[PDB]
Amino acid sequence: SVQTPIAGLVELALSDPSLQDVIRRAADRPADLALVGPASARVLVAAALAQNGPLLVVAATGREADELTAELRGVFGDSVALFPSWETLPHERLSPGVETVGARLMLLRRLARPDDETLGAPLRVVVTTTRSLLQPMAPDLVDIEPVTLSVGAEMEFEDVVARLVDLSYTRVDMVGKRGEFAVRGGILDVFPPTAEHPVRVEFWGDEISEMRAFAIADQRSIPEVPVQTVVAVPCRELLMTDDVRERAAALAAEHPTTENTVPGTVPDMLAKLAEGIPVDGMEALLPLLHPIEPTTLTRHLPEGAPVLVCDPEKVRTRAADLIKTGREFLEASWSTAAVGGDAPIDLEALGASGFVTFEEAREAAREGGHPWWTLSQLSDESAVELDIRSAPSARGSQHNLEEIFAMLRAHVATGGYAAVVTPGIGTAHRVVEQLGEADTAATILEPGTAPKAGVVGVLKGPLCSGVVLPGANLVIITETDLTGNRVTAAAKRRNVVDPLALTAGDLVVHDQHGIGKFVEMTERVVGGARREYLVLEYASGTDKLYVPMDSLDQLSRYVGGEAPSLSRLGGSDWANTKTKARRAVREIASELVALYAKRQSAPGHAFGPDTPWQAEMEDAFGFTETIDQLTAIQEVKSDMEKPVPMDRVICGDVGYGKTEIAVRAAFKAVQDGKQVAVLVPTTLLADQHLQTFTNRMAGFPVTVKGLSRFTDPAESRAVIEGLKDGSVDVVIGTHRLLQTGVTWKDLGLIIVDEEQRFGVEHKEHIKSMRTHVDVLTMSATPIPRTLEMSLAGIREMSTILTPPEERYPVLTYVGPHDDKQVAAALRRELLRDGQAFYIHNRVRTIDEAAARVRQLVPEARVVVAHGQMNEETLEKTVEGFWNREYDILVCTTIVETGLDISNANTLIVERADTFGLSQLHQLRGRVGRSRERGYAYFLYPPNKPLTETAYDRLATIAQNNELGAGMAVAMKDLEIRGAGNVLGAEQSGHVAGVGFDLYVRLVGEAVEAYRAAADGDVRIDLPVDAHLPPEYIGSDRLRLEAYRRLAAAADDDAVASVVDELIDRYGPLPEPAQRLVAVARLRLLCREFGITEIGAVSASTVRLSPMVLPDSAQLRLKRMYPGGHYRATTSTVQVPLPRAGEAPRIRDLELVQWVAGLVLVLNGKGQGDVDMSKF
Ligand SMILES: Nc1ncnc2c1ncn2[C@@H]1O[C@H](COP(=O)(O)OP(=O)(O)O)[C@@H](O)[C@H]1O
């Protein structure tokens, strides 16, 4: 169907007798076959060889392997698969991505099991790289029995979790990444490395009861994704057996280092391997841990399958680079000095897993029964040269374009077949229009068909470069050849809404008491009820406060002051500290709402709907728009169209595509005749956004111009500044656009980027421009959503959480500063013509530091950059680094965090101990954003003993984790300065002592009281065994979230949604949980009638604390509930509990309901208004 688009076109291409000649030659399986043809013919040749049976194709680099893999999936779909290459060198102390290992093992198991439907269709073409071809592997990797999960299979829970542990699956309390799994009572969550969505399986007894795929963000199940049998393949290329623990204990005996275990060294690694847990960099130790004879990839191919090698010369030339780089990483990582100096393991054994040479792989493939064939673009004498010519590539000069369309017209006039293959979405109709203007009959082909004779067929399919086959009377021309651009290729949100982490000793702020230190969580019984309480230390200095589970909304994690405040006490010292800040925030809210109102009543020309060109400009997008991006463009366009001048923020990570929203909004404002500006803090951003605005808006009468610091004063004084005549439709500029001399003619839209970095004078300038014209800001720092909805009326902010393309996480390595590892990593990043960040914050020595870098890599262009330089030199240096003039940038953290160099994907942090967690995460984030995998090296000095807090900190970032250990604790800090960039106040004085969460909560109070300018807890002490049992929710961090979120639910349907959350996430509700739910609904019923407290004064009586009763309801209390009296002075209603039998007092749901009906009949309504027997 639409799954094999170019199957008909290729099936037509095979009609050429040269490809059929190749099919005949390969049909008898000859020993030597040398083919010669153009590069773009690869997809053809393979597709011919696959007609006689399966085969393995080898490409030079991973990019060519991905390209040919897609081009073959366009004709074969699921039958052709890609055997990926490791992101790490074989002996490097870093493990590759779990997704890569998953794809490798799934592909090998598919090669060993073609009949297995659950793994996929039988293989016909396997495309791989030189690395994966040369990199050996253990022959027992395919024999590892995966964890097969099906609805109805009879299994045993603990055996399943144990088997998952053996397959290098990391156990966590919440599934967030691939290769993870969480264990809950009767429910197993697991994220296989090859599955698109993580799957949750419900066990009952000794067999699975249900299966359903869920989403990572809300952790809620997706019912519209049907889940068949899932095959959980291992996540590492090894098995954690008892033998590998034995040898890890023999090797672990030497280099023991029992005390003061360094994080990244080999005593810790081998110690944890003897303990059985998987650790990073484990694969390199395969020849010593699991010693066998390692075979190559070609053995796992089904017997008889041949091997076609594309451009073998380049395959060899790169192969030498794999062997050299891998050898350098082996010597570097496992030198005598780096293994702790003691009993250095011999490297000869470790050489077993290293890359085999080209000749060894050749003879190993031939001696295994698999022929070795070649396809080379260069002409050879004894080779079978195919009748295939490459496509004419019109460089972009439209005379060549018209000539190409003319040769197409002549070819179809003769009767030959012409096909124009366009992989882009929205570009086929454009080619149809171009052919119509060139007077050529065009037709958008049905996906999977062949071009009809006499008409050119515009087809949507994956192709890079076209191919001309005169033997088949066929001419295939790709969109790439016509436009000179390569089109590479859905997305799931990553909200991850489930953490409010707490560790022992952490500081929290209680609204009614103050700052205190967390201790633990306990449970006490008062009348047969297991109750849960969270404890805090409040300096009296030994006073402990047990906050219950009904008032968790008053607990805010203390953030703000880096220096800790002193814990509060039972006195009245804290209420004042609340009140003064409460008086210090409304001053901010005043400016906020006054800006919103001045914006509301201001006169500004609205923007009409999108003109006809906007569709073509939006469809000229190289990539694919994202759902969050589409909603953001709709909101931005609508706010432009609304008469109120626009003041909208765009929140998203660096590398998520908000700049496209900028260019599209700017274009929309241009189409209505209004010129626009873009304000950036640094000149580098003016150049980047300048080039993006050029490329996206080219081909239209729109002159884009920029005014940076380095724009010469001739063009600056004349062209840019003198453009008050409508000469510029859009100007990208730095702060020079904010001086007095500037002037606009019909300024229509302002685009701000990284508004936080601007100067204060420039900030007040931009805010002054806000009221008069439409503004549109972009931010990489996120904001707390509580502030998003707290200040929603004055300033709308749209969030983008759908990644445009899967940006796989960078590979972090914590370790001692070894020069060989640094040099090896820098040279590996230089191999792909990449760049690297080297961080040495001590400015005094930065020069010397860079010199030492040049000691390690002499062929590296190394430069320095720091904040002490004047901007005229610094921005020029950073410009040189962005223009690839330099290879390694030694800089301080201030300079590094604030650059967007996409080509830089390797980071070296010297003296990583000195940096905080947040700074380390920021540093790491600035690499590995593009299509390339990033690397990060957090290094601590080896000449001094590491500190305790550096050991802990480095340990948190060591095991790369998104958990509540600190990634979330230090994410809040990333939101603090974001708030400072959003709201006007920068002072942290009132934050320190109140808590930033309570600070912006008071901000919420003030701005909600000011927004409505025109307008001008219940305690239940009942003997009801209600709690969330630990067996139901094992993880305390999640159970506290269930408590809090259940308490915060404000209506019955919200409580029901919480119930559905607990049911889906953790399983069916137990009795104490349902009783707690009924207690919450009882709290709502109290709030409707304003009851503050319902407490049992004694074992036989109950008191409703605040009620006034008129004479009618007082008499009704006497008649319907005898024995009870109403005390008007204290204004309480005290009634006695009826005994259950003739004896025990009533409890649990009988008591809850009885109290409900009592409240009802006392407050007018009948006893049959509602029942608490639900849920
Ligand atoms: N939908 C997409 N898929 C893949 N890459 C994209 C997509 N949109 C934009 N990009 C790439 O990512 C970058 C877009 O982000 P950028 O323009 O740097 O602003 P920001 O990083 O703030 O989103 C560009 O370099 C672009 O090539």
# chains A, B, ... in the order shown; residues from 1 in each chain; ligands from 1
$ residues_around --residues "residue 928 of chain A" --least-positions-apart "3" --cutoff "9 Å" --atoms "only C-alpha atoms" --output "list in words"
residues 807, 808, 809, 810, 811, 902, 903, 904, 905, 906, 924, 925, 931, 932, 933, 934 and 935 of chain A
$ write_last_selection --atoms "N, CA and C atoms" --output "short mmCIF file (atom, residue, chain, number, x, y, z; two decimals), in the first residue's frame"
data_model
loop_
_atom_site.label_atom_id
_atom_site.label_comp_id
_atom_site.auth_asym_id
_atom_site.auth_seq_id
_atom_site.Cartn_x
_atom_site.Cartn_y
_atom_site.Cartn_z
N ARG A 807 16.48 13.61 19.61
CA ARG A 807 17.83 14.01 19.98
C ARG A 807 18.30 13.11 21.11
N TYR A 808 19.03 12.05 20.76
CA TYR A 808 19.43 11.06 21.74
C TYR A 808 20.38 11.67 22.76
N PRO A 809 20.33 11.21 24.01
CA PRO A 809 21.10 11.86 25.07
C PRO A 809 22.60 11.75 24.83
N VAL A 810 23.32 12.79 25.26
CA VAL A 810 24.77 12.76 25.14
C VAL A 810 25.34 11.72 26.10
N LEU A 811 26.52 11.22 25.78
CA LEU A 811 27.16 10.18 26.58
C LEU A 811 28.11 10.84 27.57
N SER A 902 25.98 24.21 16.71
CA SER A 902 25.41 22.89 16.46
C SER A 902 26.49 21.88 16.07
N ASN A 903 27.59 22.34 15.48
CA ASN A 903 28.66 21.44 15.08
C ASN A 903 29.48 20.94 16.26
N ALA A 904 29.42 21.62 17.40
CA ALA A 904 30.14 21.21 18.59
C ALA A 904 29.32 20.19 19.36
N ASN A 905 29.84 18.97 19.48
CA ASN A 905 29.12 17.89 20.14
C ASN A 905 30.02 17.09 21.08
N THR A 906 31.04 17.74 21.64
CA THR A 906 31.91 17.11 22.62
C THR A 906 32.33 18.17 23.64
N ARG A 924 26.41 20.47 29.84
CA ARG A 924 26.16 19.30 29.02
C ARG A 924 25.11 19.57 27.94
N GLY A 925 24.05 20.30 28.29
CA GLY A 925 22.97 20.52 27.35
C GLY A 925 23.39 21.21 26.07
N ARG A 931 21.74 16.20 14.74
CA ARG A 931 21.60 14.79 14.39
C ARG A 931 22.78 13.95 14.87
N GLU A 932 23.83 14.56 15.39
CA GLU A 932 25.00 13.84 15.86
C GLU A 932 24.90 13.53 17.35
N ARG A 933 25.45 12.38 17.73
CA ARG A 933 25.50 12.00 19.14
C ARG A 933 26.60 12.78 19.84
N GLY A 934 26.26 13.36 20.99
CA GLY A 934 27.20 14.16 21.75
C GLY A 934 27.91 13.37 22.83
N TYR A 935 29.06 13.90 23.26
CA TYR A 935 29.85 13.31 24.32
C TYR A 935 30.22 14.38 25.34
#
$ residues_near_ligand --ligand "ligand 1" --cutoff "8 Å" --atoms "only C-alpha atoms and all ligand atoms" --output "VMD selection string"
chain A and resid 622 to 626 652 to 660 689 692 778 to 780 803 to 805 900 902 930
$ closest_residue --among "A:464, A:435, A:1084, A:697" --to "residue 64 of chain A" --atoms "only C-alpha atoms"
A:464
$ residues_around --residues "segment 490-502 of chain A" --least-positions-apart "2" --cutoff "6 Å" --atoms "only C-alpha atoms" --output "list in words"
residues 217, 218, 801, 802 and 964 of chain A
$ closest_residue --among "A:358, A:663, A:427, A:1026" --to "residue 524 of chain A" --atoms "only C-alpha atoms"
A:1026
$ residues_around --residues "segment 286-300 of chain A" --least-positions-apart "5" --cutoff "6 Å" --atoms "only C-alpha atoms" --output "MDAnalysis selection string"
chainID A and resid 133 136:139 244 247 350 365
$ write_last_selection --atoms "N, CA, C and O atoms" --output "tab-separated table (two decimals), in the first residue's frame"
chain	number	residue	atom	x	y	z
A	133	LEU	N	30.46	-4.17	10.58
A	133	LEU	CA	30.97	-5.32	9.84
A	133	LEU	C	32.28	-5.82	10.44
A	133	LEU	O	32.49	-7.03	10.56
A	136	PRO	N	33.79	-7.37	15.99
A	136	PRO	CA	33.37	-8.75	16.28
A	136	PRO	C	32.33	-8.78	17.39
A	136	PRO	O	32.07	-7.80	18.08
A	137	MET	N	31.74	-9.96	17.56
A	137	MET	CA	30.70	-10.16	18.56
A	137	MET	C	30.73	-11.60	19.03
A	137	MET	O	31.21	-12.49	18.33
A	138	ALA	N	30.22	-11.81	20.24
A	138	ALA	CA	30.20	-13.15	20.81
A	138	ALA	C	29.16	-14.01	20.09
A	138	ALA	O	28.06	-13.54	19.80
A	139	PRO	N	29.48	-15.27	19.78
A	139	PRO	CA	28.52	-16.12	19.07
A	139	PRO	C	27.31	-16.53	19.89
A	139	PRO	O	26.35	-17.06	19.32
A	244	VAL	N	30.51	-14.57	34.94
A	244	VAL	CA	31.07	-13.24	34.76
A	244	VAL	C	31.21	-12.53	36.10
A	244	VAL	O	32.10	-11.69	36.28
A	247	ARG	N	34.55	-14.19	37.52
A	247	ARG	CA	35.75	-13.59	36.95
A	247	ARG	C	35.85	-12.11	37.29
A	247	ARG	O	36.96	-11.58	37.42
A	350	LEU	N	42.34	-8.11	25.59
A	350	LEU	CA	41.34	-7.12	25.22
A	350	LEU	C	41.34	-6.83	23.72
A	350	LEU	O	40.37	-6.28	23.21
A	365	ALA	N	34.40	-13.86	5.77
A	365	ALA	CA	33.12	-13.94	5.07
A	365	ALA	C	33.14	-14.99	3.97
A	365	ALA	O	32.16	-15.72	3.79
$ residues_around --residues "residue 984 of chain A" --least-positions-apart "3" --cutoff "12 Å" --atoms "only C-alpha atoms" --output "list in words"
residues 585, 587, 588, 589, 590, 591, 592, 595, 755, 756, 760, 763, 764, 767, 977, 978, 979, 980, 981, 987 and 1003 of chain A
$ select_by_dssp --residues "segment 595-667 of chain A" --states "strand (DSSP E)" --output "PyMOL selection string"
chain A and resi 647-651
$ closest_residue --among "A:428, A:349, A:160, A:35" --to "residue 378 of chain A" --atoms "only C-alpha atoms"
A:35
$ residues_around --residues "residue 717 of chain A" --least-positions-apart "5" --cutoff "12 Å" --atoms "only C-alpha atoms" --output "ChimeraX atom specification"
/A:707-708,711-712,722-724,736-737,741-742
$ select_by_dssp --residues "segment 423-590 of chain A" --states "alpha helix (DSSP H)" --output "PyMOL selection string"
chain A and resi 428-437+479-483+573-590
$ residues_around --residues "residue 16 of chain A" --least-positions-apart "2" --cutoff "9 Å" --atoms "only C-alpha atoms" --output "ChimeraX atom specification"
/A:12-14,18-21,387,469-474
$ atom_distance --atom1 "atom CA of residue 1120 of chain A" --atom2 "atom CA of residue 1089 of chain A"
19.2 Å
$ atom_distance --atom1 "atom CA of residue 280 of chain A" --atom2 "atom CA of residue 958 of chain A"
9.5 Å
$ closest_residue --among "A:59, A:1028, A:147, A:1160" --to "residue 166 of chain A" --atoms "only C-alpha atoms"
A:147
$ closest_residue --among "A:743, A:786, A:771, A:682" --to "residue 758 of chain A" --atoms "only C-alpha atoms"
A:682
$ atom_distance --atom1 "atom CA of residue 783 of chain A" --atom2 "atom CA of residue 975 of chain A"
5.1 Å
$ decode --residues "segment 660-777 of chain A" --atoms "C-alpha atoms" --output "PDB file, in the first residue's frame"
ATOM      1  CA  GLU A 660      10.647  28.596  12.414  1.00  0.00           C
ATOM      2  CA  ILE A 661       7.681  30.098  14.266  1.00  0.00           C
ATOM      3  CA  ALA A 662       9.653  33.351  14.293  1.00  0.00           C
ATOM      4  CA  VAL A 663      10.231  33.338  10.524  1.00  0.00           C
ATOM      5  CA  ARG A 664       6.613  32.393   9.776  1.00  0.00           C
ATOM      6  CA  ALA A 665       5.154  35.087  12.036  1.00  0.00           C
ATOM      7  CA  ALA A 666       7.543  37.645  10.531  1.00  0.00           C
ATOM      8  CA  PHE A 667       6.479  36.591   7.026  1.00  0.00           C
ATOM      9  CA  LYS A 668       2.809  36.909   7.994  1.00  0.00           C
ATOM     10  CA  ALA A 669       3.461  40.439   9.246  1.00  0.00           C
ATOM     11  CA  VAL A 670       5.322  41.247   6.015  1.00  0.00           C
ATOM     12  CA  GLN A 671       2.388  40.108   3.863  1.00  0.00           C
ATOM     13  CA  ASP A 672       0.156  42.766   5.462  1.00  0.00           C
ATOM     14  CA  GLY A 673       2.681  45.465   4.534  1.00  0.00           C
ATOM     15  CA  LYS A 674       4.348  45.935   7.937  1.00  0.00           C
ATOM     16  CA  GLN A 675       8.122  45.702   8.350  1.00  0.00           C
ATOM     17  CA  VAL A 676       9.447  43.748  11.324  1.00  0.00           C
ATOM     18  CA  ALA A 677      12.505  43.564  13.563  1.00  0.00           C
ATOM     19  CA  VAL A 678      14.254  40.833  15.553  1.00  0.00           C
ATOM     20  CA  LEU A 679      16.197  41.797  18.687  1.00  0.00           C
ATOM     21  CA  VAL A 680      19.038  39.537  19.844  1.00  0.00           C
ATOM     22  CA  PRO A 681      21.547  40.097  22.693  1.00  0.00           C
ATOM     23  CA  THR A 682      24.661  38.912  20.843  1.00  0.00           C
ATOM     24  CA  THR A 683      25.757  39.489  17.259  1.00  0.00           C
ATOM     25  CA  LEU A 684      26.273  35.761  16.657  1.00  0.00           C
ATOM     26  CA  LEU A 685      22.527  35.218  17.058  1.00  0.00           C
ATOM     27  CA  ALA A 686      21.967  38.102  14.635  1.00  0.00           C
ATOM     28  CA  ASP A 687      24.039  36.224  12.054  1.00  0.00           C
ATOM     29  CA  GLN A 688      22.415  32.826  12.695  1.00  0.00           C
ATOM     30  CA  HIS A 689      18.861  34.175  12.638  1.00  0.00           C
ATOM     31  CA  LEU A 690      19.911  36.304   9.667  1.00  0.00           C
ATOM     32  CA  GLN A 691      20.901  33.225   7.658  1.00  0.00           C
ATOM     33  CA  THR A 692      17.791  31.287   8.706  1.00  0.00           C
ATOM     34  CA  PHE A 693      15.595  34.246   7.731  1.00  0.00           C
ATOM     35  CA  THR A 694      17.395  34.398   4.368  1.00  0.00           C
ATOM     36  CA  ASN A 695      17.013  30.697   3.601  1.00  0.00           C
ATOM     37  CA  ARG A 696      13.401  30.371   4.760  1.00  0.00           C
ATOM     38  CA  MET A 697      12.189  33.561   3.037  1.00  0.00           C
ATOM     39  CA  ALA A 698      14.208  33.340  -0.184  1.00  0.00           C
ATOM     40  CA  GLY A 699      12.521  33.541  -3.572  1.00  0.00           C
ATOM     41  CA  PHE A 700      10.126  36.310  -2.486  1.00  0.00           C
ATOM     42  CA  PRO A 701      10.515  40.100  -2.833  1.00  0.00           C
ATOM     43  CA  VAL A 702      11.589  40.424   0.814  1.00  0.00           C
ATOM     44  CA  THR A 703      14.912  42.117   1.600  1.00  0.00           C
ATOM     45  CA  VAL A 704      16.159  40.890   4.976  1.00  0.00           C
ATOM     46  CA  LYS A 705      18.948  42.878   6.614  1.00  0.00           C
ATOM     47  CA  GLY A 706      20.865  42.760   9.875  1.00  0.00           C
ATOM     48  CA  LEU A 707      22.659  45.312  12.047  1.00  0.00           C
ATOM     49  CA  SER A 708      25.250  43.615  14.251  1.00  0.00           C
ATOM     50  CA  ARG A 709      28.372  45.097  15.832  1.00  0.00           C
ATOM     51  CA  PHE A 710      30.525  44.024  12.868  1.00  0.00           C
ATOM     52  CA  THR A 711      28.335  45.446  10.105  1.00  0.00           C
ATOM     53  CA  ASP A 712      30.552  48.119   8.574  1.00  0.00           C
ATOM     54  CA  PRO A 713      29.570  51.727   9.397  1.00  0.00           C
ATOM     55  CA  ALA A 714      28.961  52.475   5.707  1.00  0.00           C
ATOM     56  CA  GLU A 715      26.191  49.905   5.232  1.00  0.00           C
ATOM     57  CA  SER A 716      25.098  50.419   8.847  1.00  0.00           C
ATOM     58  CA  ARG A 717      24.744  54.207   8.690  1.00  0.00           C
ATOM     59  CA  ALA A 718      23.333  54.040   5.148  1.00  0.00           C
ATOM     60  CA  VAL A 719      21.500  50.812   4.306  1.00  0.00           C
ATOM     61  CA  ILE A 720      20.303  49.440   7.652  1.00  0.00           C
ATOM     62  CA  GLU A 721      19.672  52.555   9.757  1.00  0.00           C
ATOM     63  CA  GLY A 722      18.549  54.591   6.734  1.00  0.00           C
ATOM     64  CA  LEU A 723      15.863  51.924   6.061  1.00  0.00           C
ATOM     65  CA  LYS A 724      12.979  54.096   7.235  1.00  0.00           C
ATOM     66  CA  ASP A 725      11.736  54.060   3.617  1.00  0.00           C
ATOM     67  CA  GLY A 726      10.408  50.500   3.564  1.00  0.00           C
ATOM     68  CA  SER A 727      13.657  49.175   2.100  1.00  0.00           C
ATOM     69  CA  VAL A 728      13.903  46.388   4.698  1.00  0.00           C
ATOM     70  CA  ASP A 729      10.929  44.120   5.340  1.00  0.00           C
ATOM     71  CA  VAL A 730      12.684  42.367   8.250  1.00  0.00           C
ATOM     72  CA  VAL A 731      15.822  43.407  10.142  1.00  0.00           C
ATOM     73  CA  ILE A 732      17.746  41.128  12.509  1.00  0.00           C
ATOM     74  CA  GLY A 733      19.703  43.298  14.924  1.00  0.00           C
ATOM     75  CA  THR A 734      21.578  43.422  18.204  1.00  0.00           C
ATOM     76  CA  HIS A 735      21.241  46.141  20.869  1.00  0.00           C
ATOM     77  CA  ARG A 736      22.286  48.805  18.335  1.00  0.00           C
ATOM     78  CA  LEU A 737      18.626  48.890  17.236  1.00  0.00           C
ATOM     79  CA  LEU A 738      17.800  50.354  20.673  1.00  0.00           C
ATOM     80  CA  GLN A 739      19.828  53.574  20.488  1.00  0.00           C
ATOM     81  CA  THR A 740      18.158  56.947  19.979  1.00  0.00           C
ATOM     82  CA  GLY A 741      19.254  57.384  16.354  1.00  0.00           C
ATOM     83  CA  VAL A 742      17.107  54.472  15.174  1.00  0.00           C
ATOM     84  CA  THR A 743      13.673  55.042  13.647  1.00  0.00           C
ATOM     85  CA  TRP A 744      11.108  52.764  12.004  1.00  0.00           C
ATOM     86  CA  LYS A 745       8.536  53.308   9.253  1.00  0.00           C
ATOM     87  CA  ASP A 746       5.418  51.273  10.111  1.00  0.00           C
ATOM     88  CA  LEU A 747       7.001  48.822  12.537  1.00  0.00           C
ATOM     89  CA  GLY A 748       4.644  45.855  12.538  1.00  0.00           C
ATOM     90  CA  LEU A 749       6.221  43.074  14.585  1.00  0.00           C
ATOM     91  CA  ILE A 750       9.070  42.679  17.077  1.00  0.00           C
ATOM     92  CA  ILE A 751      10.782  39.320  17.636  1.00  0.00           C
ATOM     93  CA  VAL A 752      12.871  38.979  20.801  1.00  0.00           C
ATOM     94  CA  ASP A 753      15.260  36.092  21.460  1.00  0.00           C
ATOM     95  CA  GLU A 754      17.004  35.392  24.779  1.00  0.00           C
ATOM     96  CA  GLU A 755      15.505  38.455  26.442  1.00  0.00           C
ATOM     97  CA  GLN A 756      17.290  37.626  29.711  1.00  0.00           C
ATOM     98  CA  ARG A 757      20.769  38.439  28.371  1.00  0.00           C
ATOM     99  CA  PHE A 758      19.893  42.020  27.376  1.00  0.00           C
ATOM    100  CA  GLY A 759      20.920  45.012  29.442  1.00  0.00           C
ATOM    101  CA  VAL A 760      18.591  46.664  31.931  1.00  0.00           C
ATOM    102  CA  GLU A 761      18.358  49.838  29.841  1.00  0.00           C
ATOM    103  CA  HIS A 762      17.688  47.687  26.770  1.00  0.00           C
ATOM    104  CA  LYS A 763      15.103  45.712  28.752  1.00  0.00           C
ATOM    105  CA  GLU A 764      13.148  48.830  29.728  1.00  0.00           C
ATOM    106  CA  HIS A 765      13.486  49.931  26.095  1.00  0.00           C
ATOM    107  CA  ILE A 766      11.892  46.724  24.789  1.00  0.00           C
ATOM    108  CA  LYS A 767       9.151  46.887  27.428  1.00  0.00           C
ATOM    109  CA  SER A 768       8.517  50.456  26.271  1.00  0.00           C
ATOM    110  CA  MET A 769       8.059  49.120  22.735  1.00  0.00           C
ATOM    111  CA  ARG A 770       5.733  46.352  23.983  1.00  0.00           C
ATOM    112  CA  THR A 771       2.668  48.578  24.358  1.00  0.00           C
ATOM    113  CA  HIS A 772       2.821  50.097  20.868  1.00  0.00           C
ATOM    114  CA  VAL A 773       3.496  47.144  18.534  1.00  0.00           C
ATOM    115  CA  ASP A 774       3.094  43.379  18.442  1.00  0.00           C
ATOM    116  CA  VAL A 775       5.887  41.492  20.208  1.00  0.00           C
ATOM    117  CA  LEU A 776       6.879  37.828  20.136  1.00  0.00           C
ATOM    118  CA  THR A 777       9.579  36.425  22.418  1.00  0.00           C
TER     119      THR A 777
END
